[PDB]
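Asks: Sharing a structure with you now.
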Amino acid sequence: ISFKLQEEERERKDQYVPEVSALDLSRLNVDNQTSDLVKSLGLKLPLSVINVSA
Amino acid sequence: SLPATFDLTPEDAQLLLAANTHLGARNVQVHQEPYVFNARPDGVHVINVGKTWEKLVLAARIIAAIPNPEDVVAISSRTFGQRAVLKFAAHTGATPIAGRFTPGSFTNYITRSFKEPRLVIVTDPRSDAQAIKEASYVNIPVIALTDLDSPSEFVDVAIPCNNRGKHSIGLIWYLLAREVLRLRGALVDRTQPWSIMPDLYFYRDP
Amino acid sequence: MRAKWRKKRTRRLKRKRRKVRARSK
Amino acid sequence: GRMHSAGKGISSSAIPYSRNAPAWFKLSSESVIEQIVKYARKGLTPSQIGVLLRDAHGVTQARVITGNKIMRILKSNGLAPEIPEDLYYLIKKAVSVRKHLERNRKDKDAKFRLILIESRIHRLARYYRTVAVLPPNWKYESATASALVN
Amino acid sequence: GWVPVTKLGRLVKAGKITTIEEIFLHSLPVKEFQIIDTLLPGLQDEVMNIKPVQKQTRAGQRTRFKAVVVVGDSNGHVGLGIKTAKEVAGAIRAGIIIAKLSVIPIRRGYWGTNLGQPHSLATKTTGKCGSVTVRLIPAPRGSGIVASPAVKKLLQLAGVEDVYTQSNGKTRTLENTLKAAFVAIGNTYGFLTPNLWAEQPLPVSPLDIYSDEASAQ
Amino acid sequence: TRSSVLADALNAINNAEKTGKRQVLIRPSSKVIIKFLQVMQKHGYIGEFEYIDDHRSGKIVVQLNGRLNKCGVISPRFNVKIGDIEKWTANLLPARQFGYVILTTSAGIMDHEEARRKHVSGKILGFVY
Amino acid sequence: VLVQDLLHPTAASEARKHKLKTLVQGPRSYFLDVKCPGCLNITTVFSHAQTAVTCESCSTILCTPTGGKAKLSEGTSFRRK
Amino acid sequence: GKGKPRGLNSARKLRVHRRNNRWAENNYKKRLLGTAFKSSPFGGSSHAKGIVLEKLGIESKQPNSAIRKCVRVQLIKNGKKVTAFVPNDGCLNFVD
Amino acid sequence: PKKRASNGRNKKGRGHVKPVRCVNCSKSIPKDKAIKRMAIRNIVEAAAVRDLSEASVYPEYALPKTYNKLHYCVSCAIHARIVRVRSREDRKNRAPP
Amino acid sequence: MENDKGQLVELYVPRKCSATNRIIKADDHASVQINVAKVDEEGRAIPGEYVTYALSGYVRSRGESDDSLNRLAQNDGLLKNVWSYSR
RNA sequence: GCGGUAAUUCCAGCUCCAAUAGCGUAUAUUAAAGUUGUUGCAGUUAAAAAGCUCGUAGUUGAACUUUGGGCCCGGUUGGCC
RNA sequence: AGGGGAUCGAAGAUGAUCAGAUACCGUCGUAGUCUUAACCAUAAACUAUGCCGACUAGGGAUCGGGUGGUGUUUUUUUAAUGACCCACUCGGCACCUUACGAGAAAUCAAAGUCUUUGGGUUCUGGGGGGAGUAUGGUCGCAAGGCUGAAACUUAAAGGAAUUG
Ligand SMILES: [Mg+2]
Ligand SMILES: [Mg+2]
Ligand SMILES: [Mg+2]
Ligand SMILES: [Mg+2]
Ligand SMILES: [Mg+2]
Ligand SMILES: [Mg+2]
Ligand SMILES: [Mg+2]
Ligand SMILES: [Mg+2]
Ligand SMILES: [Mg+2]
Ligand SMILES: [Mg+2]
Ligand SMILES: [Mg+2]
């Protein structure tokens with residue numbers, strides 16, 4: 001079933017964005033070969049190479 | 001044959017790596033190894049981020065090469081790709097086929113969902129093989145958002161990404177749409193970031 | 001007309017035919 | 001492959017492309033020759049001489065350092081045997097199997113393997129008689145075989 | 001009053017594409033028989049045979065009729081159509097549309113020197129449907145079609161006028177034999193010849209040219 | 001075992017062309033194969049090919065150009081007169097205007113056309129078209 | 001792939017392939033100038049020695065044979081080439 | 001090599017193989033053994049004359065049901081006796 | 001026509017395995033072709049345990065189990081419904097349940 | 001192919017696969033022709049001008065048209081570092 | 001395959017067909033037969049891979065030895081008084 | 001022909017069961033089952049798929065061997081070795097997917113590289129019966145094995161798949 005009122009409230013409730021969040025910097029665990037990749041590509045980034053445990 | 005401002009810029013790279021779309025599949029087949037980057041221990045392969053962007057630009061050139069935006073068909077059948085394709089429809093011409101593909105849509109000219117596109121872009125070759133297989137009967141170019149373990153049969157153009165990531169799928173559709181509108185008189189200022197955020201390309205639950 | 005039993009019948013025939021030719025030989 | 005079997009292995013020694021060798025071996029080709037003569041005087045076959053030279057020394061190949069091969073060296077200084085090494089090993093293998101069979105008559109597997117060995121012996125001996133290494137009418141009698149291996 | 005339903009139909013009824021050669025060159029699928037009818041007004045058909053077919057049921061036999069139809073002008077265009085239907089007249093009709101939809105061209109050449117129009121085939125060809133395999137060999141002028149009547153008519157409707165045929169297999173199976181000949185003549189363009197060794201500008205599709213007129217709303 | 005290295009070479013080229021590969025690797029590369037590939041290359045059926053020189057028999061890497069329908073060998077090498085070239089070409093070549101029957105005659109490896117204008121004949125090696 | 005450098009294979013490819021299947025086939029073996037602690041002499045030995053090599057001074061063992069590469073006698077000092 | 005040898009000097013093998021396998025043909029076997037001259041009422045002849053020993057009424061094979069009205073004759077050249085059809089409606093009154 | 005790619009058994013590279021008689025009808029069948037089933041069972045049943053254990057010294061000692069490897073022939077498997085014939089497309093499946 | 005007096009007498013000349021150099025015949029309904037629109041400065045489409053590549057159905061069926069475009073576009077300069085000749 | 005009460009097949013009349021001063025029938029052979037097979041068959045299930053291995057005659061059998069370049073003489077489509 | 005003969009068990013006995021049974025079933029039970037020395041030489045002796053060689057597509061699993069990880073793991077904390085994990089690799093038994101290609105189809109990575117017909121070689125077939133029969137030869141104590149027709153008779157016999 002699909003009526004115009006339902007599709008319009010769907011568009012209204014789909015166009016809503018929850019502000020600025022989930023992408024802002026919190027300090028990217030860009031690991032070492034990715035750092036090698038981006039430095040070969042010659043691009044600047046917030047270097048953060050982490051060494052996980054076993 | 002294209003200017004040097006097209007290269008992967010740090011802000012696009014930052015948002016790309018924030019989506020973690022550089023994460024590939026555990027196993028790769030022979031047709032995705034031109035995009036391998038000498039995998040991590042535990043077997044998680046990683047992708048040529050530059051090649052992802054470069055194929056994205058080439059596919060964007062294909063999309064902004066059909067005169068009519070209203071005869072390009074975007075196929076999705078996964079919950080992550082639904083909202084991305086619908087927003088792709090809101091911003092480009094790019095008519096969607098979300099949810100069921102309704103087999104017999106490129107053939108069978110008496111169906112309600114009968115469309116005749118000049119180009120079809122699929123979110124996942126594996127879960128959208130029905131559209132790909134049917135389009136192979138009627139000469140329709142295929143642009144697939146592939147992963148490392150994805151079929152490449154009848155796949156004309158492939159953009160490697162992470163297909164297990166909701167953020168990755170939404171952002172690739174965002175980037176493709178942004179470059180398509182940039183490759184025409186709607187996003188003339190190519191240096192500035194486009195006015196909105198991929199937050200609503202991302203599939204939102206429930 | 002199983003082939004094994006038809007084979008048995010022809011072997012029986014061959015034995016009997018050689019025996020009845022034996023007295024003439 | 002496997003003349004008298006079904007196995008299809010390759011298992012070969014891929015010698016280097018360089019015909020001139022080996023850029024670190026400072027011994028003289030002469031000194032290598034009398035080394036070869038010394039082990040042969042001890043009584044080593046060309047194959048055994050080759051492995052022992054290649055192991056205890058730096059002699060990569062006899063023919064790259066010396067102008068000729070190990071058997072050619074032995075023929076040159078009069079130490080080559082009457083029976084080539086491959087033929088003699090085949091005959092001694094046949095001799096061992098024949099003695100084993102005489103003790104254990106009911107080893108049909110050994111009897112089959114013996115027939116295969118003698119066929120290899122006869123093919124190789126026919127080739128040698130063609131190249132005139134063995135005299136014509138040189139037969140592998142198999143009743144005077146053990147006397148040919150001593 | 002025929003309303004087109006596909007972009008090719010719109011651009012054909014509007015008169016943008018006026019020759020079958022654009023469809024062939026761009027390999028455009030054809031889903032309407034009016035398109036082939038419009039672009040080839042002198043397209044004559046012919047019926048090879050009608051054969052009865054029975055499907056056994058719980059009671060009685062449900063009997064259907066299968067007609068084989070060959071269509072095509074003598075300029076180098078042929079179609080082959082197999083259709084099964086309840087009534088023979090409807091079977092003939094639907095077979096003609098199917099034969100119209102399945103129109104493909106042919107390559108004519110010379111046994112020859114370069115003299116005159118291309119009478120024979122450019123290359124030896126073979127097709128195989130089922131067990132039947134039908135081989136076509138170029139022949140000199142005056143030889144005519146050397147073939148069994150069914151294949152010979154199809155070759156004549158292709159416009160070939162000098163050819164040798166060699167059929168192997170159960171040629172009495174008409175539909176397989178006709179399909180085999182159809183494949184063999186269709187492969188005349190799948191083959192590559194030294195006279196086709198040059199390069200072409202790879203023209204854009206007329207669909208791309210007239211995308212605006214297609215998909216009228 | 002191996003009996004016709006030319007047969008294996010031509011089979012490898014045929015398989016590569018069928019699957020569309022723009023190059024093929026050939027072993028063990030006799031000089032007969034060298035001449036036969038030169039005849040193809042002169043007539044334009046193959047492009048540039050390479051002789052990799054290992055010290056044993058050599059390999060070959062051929063660059064194809066999607067222009068070869070069938071390169072075959074005629075085993076055995078039948079003796080052909082000048083009056084047999086026409087029947088051999090009719091049997092093998094798909095037409096009369098193009099395709100080549102490759103012969104080995106005393107004047108060397110060459111195709112049927114230049115063999116005819118030289119008025120010589122030898123044994124038959126293969127065909128290409 | 002339909003197109004690839006058969007003439008110029010990657011060094012990684014040639015390294016990981018078999019010693020018979022490489023473009024120009026060659027050995028993966030080598031020689032060791034190896035130091036036995038017994039004396040002042042340097043002994044040149046094979047990688048896959050397949051025998052118990054020994055020197056005049058250290059006349060017991062220098063490397064013990066195995067299926068593939070010979071195992072050194074646990075006190076030597078090896079060098080390639 | 002799919003069976004047959006392809007040696008330039010293998011013609012002897014090819015021809016003898018063909019010669020041995022040629023006997024499986026029906027007409028070649030019959031003609032070469034000459035069964036027409038030995039085991040046939042006509043000694044390899046198109047026609048033959050004979051003498052009508054009697055008349056016979058042969059009931060036709062199924063699914064037919066009719067009497068065929070042949071005549072049992074005895075050939076002059078071989079003495080062999082054989083039934084011969086008398087083909088037409090009537091014509092048994094002419095043979096006697 | 002051939003019904004199964006692996007004929008009815010598990011034998012490639014052998015030519016002979018051993019016979020094993022069926023536990024039900026005593027038919028001699030090859031061991032690879034035999035339908036083998038493990039029957040791991042408790043000692044009595046699911047309702048006797050209460051009275052058995054309240055009348056048992058060595059309280060809750062082990063509840064021992066009986067182990068055996070039943071071998072069935074094809075006919076007995078069909079009859080006693082251990083295999084339960086499948087369809088043409090569904091017979092290629094080899095998962096246990 | 002021409003007649004005696006020049007005059008090309010051929011029912012059309014067919015497209016060829018830019019990948020495998022195979023002729024695309026009429027009923028090859030799995031063959032594609034992809035068009036890449038040109039680009040000038042500021043990354044505009046500039047409609048009407050294209051670079052066209054024809055892929056045959058055989059290559060496409062084999063899952064092997066993607067790498068062919070990679071090679072061709074790397075050749076034509078459409079892409080910088082997507083295709084590697086050596087493998 | 002027709003013939004058992006409407007026989008488009010028998011015995012006849014009419015009409016029609018084909019070849020024609022010629023046309024049927026019998027036997028043999030050739031093509032059809034890629035159903036004898038070099039060209040050119042087939043062998044999982046249609047007839048047909050010896051139970052398996054050795055082995056003589058027979059058939060078949062890796063690569064390699066003068067390549068390339070230059071100079072001259074000189075025949076042919078014709079291309080223009 | 002000797003030894004041995006526990007079990008099972010052609011023949012047989014005996015109980016049933018039947019319209020009948022000398023069939024299925026129950027209980028016994030000679031030959032056999034086992035072994036030695038000799039015979040036989042046949043099986044749905046099957047992968048119903050000859051052997052050798054090359055190429056053509058992807059994957060993981062396993063066996064044997066090897067190569068390479070500052071990999072893990074034990075016994076002295078951790079050495080060596082051994083076992084396990086990962087990536088190659090050669091050879092092997094296979095398996096999974098798809099249809100490039102093949103096939104009448106079932107299906108087949110060989111049953112592909114076949115009318116675009118030729119890598120080498122051996123064996124066999126020519127509609128179904130008669131018939132693996134008669135006869136001749138050879139081998140065998142025997143049972144039989146190898147070789148092997150014809151007269152005459154028939155328009156089908158057959159293969160794979162569809163519907164009922
Ligand atoms: Mg080998
Ligand atoms: Mg059955
Ligand atoms: Mg067995
Ligand atoms: Mg046949
Ligand atoms: Mg059968
Ligand atoms: Mg059979
Ligand atoms: Mg076998
Ligand atoms: Mg047998
Ligand atoms: Mg058999
Ligand atoms: Mg026959
Ligand atoms: Mg027969």
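Every chain in the structure tokens takes a letter, A first, then B, and so on in the order presented; its residues are numbered from 1, and the ligands are numbered from 1 following the presented order.
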Could you pull the residues within 9 Å of stretch 72-86 of chain J, counting only C-alpha atoms (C1' of nucleotides), minus those fewer than 4 positions along the same chain, as a ChimeraX atom specification?
Replies: /B:1-2,34-35,50-52,54-55,57-58 /G:3-10 /J:18-19,36,53,67-68
Asks: Just the selected residues (N, CA, C and O atoms), exported as a CSV table (one decimal), in the first residue's frame, please.
Replies:
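Result went into part.csv, see below:
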```
chain,number,residue,atom,x,y,z
B,1,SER,N,44.5,12.7,-19.6
B,1,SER,CA,43.6,13.5,-20.4
B,1,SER,C,42.7,14.3,-19.6
B,1,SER,O,41.7,14.9,-20.0
B,2,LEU,N,43.0,14.4,-18.3
B,2,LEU,CA,42.2,15.1,-17.3
B,2,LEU,C,43.1,15.9,-16.4
B,2,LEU,O,44.3,15.6,-16.2
B,34,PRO,N,44.5,-6.7,-9.4
B,34,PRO,CA,45.1,-5.4,-9.7
B,34,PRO,C,44.8,-4.3,-8.7
B,34,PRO,O,45.3,-3.2,-8.8
B,35,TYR,N,43.9,-4.6,-7.6
B,35,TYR,CA,43.6,-3.7,-6.6
B,35,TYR,C,44.1,-4.2,-5.2
B,35,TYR,O,43.5,-3.7,-4.2
B,50,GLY,N,43.8,4.8,-4.1
B,50,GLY,CA,43.9,5.7,-5.3
B,50,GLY,C,43.2,5.1,-6.5
B,50,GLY,O,42.5,5.8,-7.2
B,51,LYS,N,43.3,3.8,-6.7
B,51,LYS,CA,42.5,3.1,-7.8
B,51,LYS,C,41.0,3.2,-7.6
B,51,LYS,O,40.3,3.3,-8.6
B,52,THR,N,40.6,3.1,-6.3
B,52,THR,CA,39.2,3.2,-6.0
B,52,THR,C,38.7,4.6,-6.5
B,52,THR,O,37.6,4.7,-7.1
B,54,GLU,N,40.2,6.6,-8.7
B,54,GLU,CA,40.4,6.8,-10.1
B,54,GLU,C,39.3,6.2,-10.9
B,54,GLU,O,38.7,6.7,-11.8
B,55,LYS,N,38.9,4.9,-10.5
B,55,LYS,CA,37.8,4.3,-11.2
B,55,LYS,C,36.5,5.0,-10.9
B,55,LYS,O,35.5,5.0,-11.7
B,57,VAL,N,36.2,8.2,-10.6
B,57,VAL,CA,36.1,9.4,-11.5
B,57,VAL,C,35.8,8.9,-12.9
B,57,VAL,O,35.0,9.5,-13.6
B,58,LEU,N,36.3,7.8,-13.4
B,58,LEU,CA,36.0,7.2,-14.7
B,58,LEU,C,34.6,6.9,-14.8
B,58,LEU,O,33.9,7.2,-15.8
G,3,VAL,N,46.3,-9.8,-21.3
G,3,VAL,CA,47.5,-9.0,-21.6
G,3,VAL,C,48.3,-9.0,-20.3
G,3,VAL,O,47.8,-8.7,-19.2
G,4,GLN,N,49.6,-9.3,-20.4
G,4,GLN,CA,50.5,-9.3,-19.3
G,4,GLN,C,51.9,-9.4,-19.8
G,4,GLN,O,52.2,-9.8,-20.9
G,5,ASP,N,52.9,-9.0,-19.0
G,5,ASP,CA,54.3,-9.1,-19.3
G,5,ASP,C,54.8,-10.5,-19.0
G,5,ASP,O,55.2,-10.8,-17.9
G,6,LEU,N,54.7,-11.3,-20.0
G,6,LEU,CA,55.4,-12.6,-19.9
G,6,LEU,C,56.9,-12.5,-20.1
G,6,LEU,O,57.7,-13.2,-19.5
G,7,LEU,N,57.3,-11.5,-20.9
G,7,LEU,CA,58.8,-11.2,-21.1
G,7,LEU,C,59.4,-10.7,-19.8
G,7,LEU,O,60.6,-10.9,-19.5
G,8,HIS,N,58.7,-9.9,-19.0
G,8,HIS,CA,59.2,-9.2,-17.8
G,8,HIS,C,58.4,-9.5,-16.7
G,8,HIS,O,57.6,-8.7,-16.2
G,9,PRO,N,58.5,-10.7,-16.1
G,9,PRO,CA,57.7,-11.1,-14.9
G,9,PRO,C,58.2,-10.4,-13.7
G,9,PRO,O,59.3,-10.0,-13.6
G,10,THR,N,57.3,-10.2,-12.7
G,10,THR,CA,57.6,-9.6,-11.5
G,10,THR,C,58.7,-10.4,-10.7
G,10,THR,O,58.6,-11.6,-10.8
J,18,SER,N,37.5,-3.5,-29.2
J,18,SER,CA,38.8,-2.8,-28.9
J,18,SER,C,39.6,-3.7,-28.0
J,18,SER,O,40.8,-3.5,-27.9
J,19,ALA,N,39.0,-4.6,-27.3
J,19,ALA,CA,39.8,-5.5,-26.4
J,19,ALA,C,40.4,-6.7,-27.1
J,19,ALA,O,41.6,-6.8,-27.1
J,36,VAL,N,33.1,7.5,-23.0
J,36,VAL,CA,33.7,8.3,-21.9
J,36,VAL,C,33.7,9.8,-22.4
J,36,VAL,O,34.5,10.1,-23.4
J,53,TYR,N,34.7,2.8,-26.6
J,53,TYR,CA,35.3,1.5,-26.6
J,53,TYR,C,34.2,0.4,-26.8
J,53,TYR,O,33.2,0.4,-26.1
J,67,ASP,N,39.4,-5.4,-16.9
J,67,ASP,CA,40.8,-5.2,-17.0
J,67,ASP,C,41.1,-4.7,-18.4
J,67,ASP,O,42.1,-3.9,-18.6
J,68,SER,N,40.4,-5.1,-19.4
J,68,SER,CA,40.6,-4.5,-20.8
J,68,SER,C,40.3,-3.0,-20.8
J,68,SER,O,41.1,-2.3,-21.5
```
Asks: Residues within 9 Å of ligand 8 should be enumerated using only C-alpha atoms (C1' of nucleotides) and all ligand atoms and returned as a list in words.
Replies: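 If we count only C-alpha atoms (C1' of nucleotides) and all ligand atoms, the neighbours of ligand 8 turn out to be residues 50 and 51 of chain K; 42, 43 and 45 of chain L.
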Asks: Can you spit out the residues from that selection as a PDB file, in the first residue's frame, using N, CA, C and O atoms (P, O5', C5', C4', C3', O3' and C1' of nucleotides)?
Replies:
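The file below, again-v1.pdb, is the result:
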```pdb
ATOM      1  P     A K  50      38.353 -52.513 -21.947  1.00  0.00           P
ATOM      2  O5'   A K  50      38.538 -53.723 -22.965  1.00  0.00           O
ATOM      3  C5'   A K  50      39.721 -53.875 -23.742  1.00  0.00           C
ATOM      4  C4'   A K  50      40.112 -55.328 -23.844  1.00  0.00           C
ATOM      5  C3'   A K  50      40.845 -55.888 -22.624  1.00  0.00           C
ATOM      6  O3'   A K  50      40.497 -57.262 -22.465  1.00  0.00           O
ATOM      7  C1'   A K  50      42.173 -56.189 -24.524  1.00  0.00           C
ATOM      8  P     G K  51      39.432 -57.710 -21.353  1.00  0.00           P
ATOM      9  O5'   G K  51      40.111 -57.284 -19.980  1.00  0.00           O
ATOM     10  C5'   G K  51      39.556 -56.249 -19.185  1.00  0.00           C
ATOM     11  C4'   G K  51      40.306 -56.110 -17.889  1.00  0.00           C
ATOM     12  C3'   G K  51      41.716 -55.557 -18.001  1.00  0.00           C
ATOM     13  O3'   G K  51      41.749 -54.143 -18.066  1.00  0.00           O
ATOM     14  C1'   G K  51      41.740 -57.498 -16.668  1.00  0.00           C
TER      15        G K  51
ATOM     16  P     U L  42      40.816 -65.103 -19.784  1.00  0.00           P
ATOM     17  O5'   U L  42      39.298 -64.658 -19.655  1.00  0.00           O
ATOM     18  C5'   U L  42      38.266 -65.605 -19.868  1.00  0.00           C
ATOM     19  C4'   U L  42      37.459 -65.856 -18.620  1.00  0.00           C
ATOM     20  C3'   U L  42      36.654 -64.687 -18.091  1.00  0.00           C
ATOM     21  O3'   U L  42      35.454 -64.512 -18.822  1.00  0.00           O
ATOM     22  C1'   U L  42      37.658 -65.916 -16.300  1.00  0.00           C
ATOM     23  P     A L  43      34.779 -63.064 -18.964  1.00  0.00           P
ATOM     24  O5'   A L  43      34.456 -62.646 -17.466  1.00  0.00           O
ATOM     25  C5'   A L  43      34.561 -61.296 -17.055  1.00  0.00           C
ATOM     26  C4'   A L  43      33.774 -61.043 -15.799  1.00  0.00           C
ATOM     27  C3'   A L  43      33.811 -59.619 -15.278  1.00  0.00           C
ATOM     28  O3'   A L  43      32.891 -58.774 -15.942  1.00  0.00           O
ATOM     29  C1'   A L  43      34.235 -61.109 -13.502  1.00  0.00           C
ATOM     30  P     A L  45      33.309 -55.819 -12.339  1.00  0.00           P
ATOM     31  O5'   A L  45      34.150 -56.570 -13.460  1.00  0.00           O
ATOM     32  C5'   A L  45      35.091 -55.874 -14.259  1.00  0.00           C
ATOM     33  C4'   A L  45      36.492 -56.083 -13.752  1.00  0.00           C
ATOM     34  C3'   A L  45      37.611 -55.552 -14.626  1.00  0.00           C
ATOM     35  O3'   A L  45      37.797 -54.155 -14.507  1.00  0.00           O
ATOM     36  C1'   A L  45      38.144 -57.730 -13.912  1.00  0.00           C
TER      37        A L  45
END
```
Asks: If you count only C-alpha atoms (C1' of nucleotides) and all ligand atoms, which residues end up within 12 Å of ligand 9, as a list in words?
Replies: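 Within the 12 Å cut-off, the matching residues are residues 43, 44, 48, 49, 50 and 51 of chain K; 43, 44, 45, 46, 47, 48, 49, 50 and 124 of chain L.
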Asks: Step by step, measure atom-to-atom distances between ligand 5 and each residue using only C-alpha atoms (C1' of nucleotides) and all ligand atoms, keep those at most 10 Å, then write them as a ChimeraX atom specification.
Replies: /I:1 /K:45-46 /L:48,158-159
Asks: Restrict the selected residues to N, CA, C and O atoms (P, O5', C5', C4', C3', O3' and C1' of nucleotides) and save them as a PDB file, in the first residue's frame.
Replies:
```
ATOM      1  N   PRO I   1      21.037 -44.755 -17.600  1.00  0.00           N
ATOM      2  CA  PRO I   1      22.036 -43.689 -17.509  1.00  0.00           C
ATOM      3  C   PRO I   1      22.694 -43.674 -16.145  1.00  0.00           C
ATOM      4  O   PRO I   1      22.106 -44.203 -15.201  1.00  0.00           O
TER       5      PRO I   1
ATOM      6  P     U K  45      29.870 -47.488 -23.324  1.00  0.00           P
ATOM      7  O5'   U K  45      28.394 -47.192 -22.820  1.00  0.00           O
ATOM      8  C5'   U K  45      27.974 -47.566 -21.518  1.00  0.00           C
ATOM      9  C4'   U K  45      26.648 -46.937 -21.192  1.00  0.00           C
ATOM     10  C3'   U K  45      25.630 -46.985 -22.317  1.00  0.00           C
ATOM     11  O3'   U K  45      24.920 -48.211 -22.364  1.00  0.00           O
ATOM     12  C1'   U K  45      25.758 -44.787 -21.467  1.00  0.00           C
ATOM     13  P     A K  46      25.221 -49.307 -23.503  1.00  0.00           P
ATOM     14  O5'   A K  46      24.335 -48.861 -24.766  1.00  0.00           O
ATOM     15  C5'   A K  46      24.730 -47.787 -25.612  1.00  0.00           C
ATOM     16  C4'   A K  46      23.828 -47.763 -26.826  1.00  0.00           C
ATOM     17  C3'   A K  46      24.408 -48.577 -27.959  1.00  0.00           C
ATOM     18  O3'   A K  46      23.833 -49.881 -27.917  1.00  0.00           O
ATOM     19  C1'   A K  46      23.457 -46.484 -28.717  1.00  0.00           C
TER      20        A K  46
ATOM     21  P     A L  48      31.809 -45.697 -14.525  1.00  0.00           P
ATOM     22  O5'   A L  48      31.862 -46.844 -15.624  1.00  0.00           O
ATOM     23  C5'   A L  48      32.650 -46.691 -16.797  1.00  0.00           C
ATOM     24  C4'   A L  48      33.041 -48.025 -17.370  1.00  0.00           C
ATOM     25  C3'   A L  48      33.404 -48.005 -18.849  1.00  0.00           C
ATOM     26  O3'   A L  48      34.390 -49.002 -19.120  1.00  0.00           O
ATOM     27  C1'   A L  48      31.475 -49.347 -18.515  1.00  0.00           C
ATOM     28  P     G L 158      14.428 -52.583 -27.454  1.00  0.00           P
ATOM     29  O5'   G L 158      15.688 -51.610 -27.411  1.00  0.00           O
ATOM     30  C5'   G L 158      16.888 -52.000 -26.763  1.00  0.00           C
ATOM     31  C4'   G L 158      18.086 -51.251 -27.295  1.00  0.00           C
ATOM     32  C3'   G L 158      18.337 -49.871 -26.717  1.00  0.00           C
ATOM     33  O3'   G L 158      18.976 -49.913 -25.455  1.00  0.00           O
ATOM     34  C1'   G L 158      18.556 -49.788 -29.065  1.00  0.00           C
ATOM     35  P     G L 159      18.428 -49.018 -24.242  1.00  0.00           P
ATOM     36  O5'   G L 159      19.210 -47.645 -24.404  1.00  0.00           O
ATOM     37  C5'   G L 159      20.626 -47.603 -24.341  1.00  0.00           C
ATOM     38  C4'   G L 159      21.146 -46.257 -24.771  1.00  0.00           C
ATOM     39  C3'   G L 159      20.548 -45.063 -24.052  1.00  0.00           C
ATOM     40  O3'   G L 159      21.177 -44.819 -22.814  1.00  0.00           O
ATOM     41  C1'   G L 159      20.555 -44.664 -26.378  1.00  0.00           C
TER      42        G L 159
END
```
Asks: Compare G:37, G:65, G:75, G:26 by their minimum atom-to-atom distance to chain F, counting only C-alpha atoms, and give me the closest one.
Replies: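 So, comparing all the options, the nearest one is G:26.
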Asks: Do you know which residues are within 10 Å of ligand 11 using only C-alpha atoms (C1' of nucleotides) and all ligand atoms? Can you write them as number ranges by chain?
Replies: H: 24-26; K: 47; L: 125-129
Asks: Quick one, how far is atom CA of residue F:26 from atom CA of residue F:8?
Replies: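 One can read the atom CA of residue F:26 to atom CA of residue F:8 distance as 8.3 Å.
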